[PDB]
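Below you will find one chain, with nothing else, as structure tokens; this is the form deposited in one PDB entry, and questions on how it binds or moves follow later.
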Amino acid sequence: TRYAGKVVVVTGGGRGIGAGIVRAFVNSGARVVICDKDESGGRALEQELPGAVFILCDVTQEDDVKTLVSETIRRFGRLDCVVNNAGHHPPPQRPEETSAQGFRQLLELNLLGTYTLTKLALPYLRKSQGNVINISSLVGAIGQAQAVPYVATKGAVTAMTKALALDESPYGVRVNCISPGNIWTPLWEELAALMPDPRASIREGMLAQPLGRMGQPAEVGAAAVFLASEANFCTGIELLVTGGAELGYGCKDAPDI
């Protein structure tokens, strides 16, 4: 009942963190529009969850996103929350192995897709005093090795969240982000499979957190439901869901030369 009667759009909701967010909002009583560029996971989720429907939509295609918003309004009559979760982490890449072209393409997905849906949704969010939740990353704040383009995109998302929070505050629309750390998702599994020792990569990922495990999509989903439903004095915050990875010292002649 915590978010009953509300309508939520989750991008990249077909698997991983996005699917966990979809489930959390359905369990809170909301109706959820699952947006994904891939049919497989999202179509099955729509069949599984009564309060959820699937709309095929690539967030990098402006006309897909326009139709996503117009269809949400046509079918459900209101829009209360947009969760900008669609995003990608490329394989580890040394800086000299990156390209400006690949950087631009990653910006299109991780940053501009979030910008585009938010812009198209804002007129409806103003009517409902709704809110925006962007899924950024801990690595936007602290950096990550072999990931210059990805880190840059997430630093942009977190900063953009604060700017938009300032601009939308007079209209009662809150804008927040969640910065997850290592969350066990199909992306994590796919990237690990490309590594020389996948099991050692997964173990290193678990041990990066003081809690000694990776996080779950359900845990990111609970943070999202909190931000939407019970955080009415929170705007422009970065909610860390990281297991403590940012805390303390870790493994990163004369001792000082």
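Shifts are known only where both forms have a C-alpha. C-alpha atoms forming the largest set that superposes within 1.5 Å between two forms make up the rigid core. The first residue of the shown sequence is 1; numbering continues from there.
Judged by mean Cα B factor in the deposited record, 200-208 ranks above the other of 63-71 and 200-208. Per the PDB record, of the two stretches 93-101 and 80-88, 93-101 carries the greater mean B-factor over its C-alpha atoms. The residue among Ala192, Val33, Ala228, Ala222 whose C-alpha atom has the highest B-factor in the PDB entry is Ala192. In the PDB entry, a CA B factor belonging to the highest third of its chain's modelled residues is recorded for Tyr171. In this PDB entry, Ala163 carries a Cα temperature factor that places it within the lowest third of its chain's modelled residues.
Annotation for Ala145: C-alpha temperature factor in the highest third relative to the rest of the modelled chain, per the entry.
Below, we turn to the form deposited in another entry, even though it does not appear here.
Only one of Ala231, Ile55, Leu191, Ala218 has its C-alpha shifted by 2 Å or more between the shown form and the other one once the core is superposed, and that residue is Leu191. Once both forms are fitted on their rigid core, the CA atom of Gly29 lies less than 2 Å apart between the shown form and the other one.
A movement of the C-alpha atom of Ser201 reaching 2 angstroms or beyond is seen between the shown form and the other one when the two forms are aligned on their rigid core. After superposing on the rigid core, the one stretch of 3 or more consecutive residues whose C-alphas move by 2 Å or more between the shown form and the other one is 185-207.
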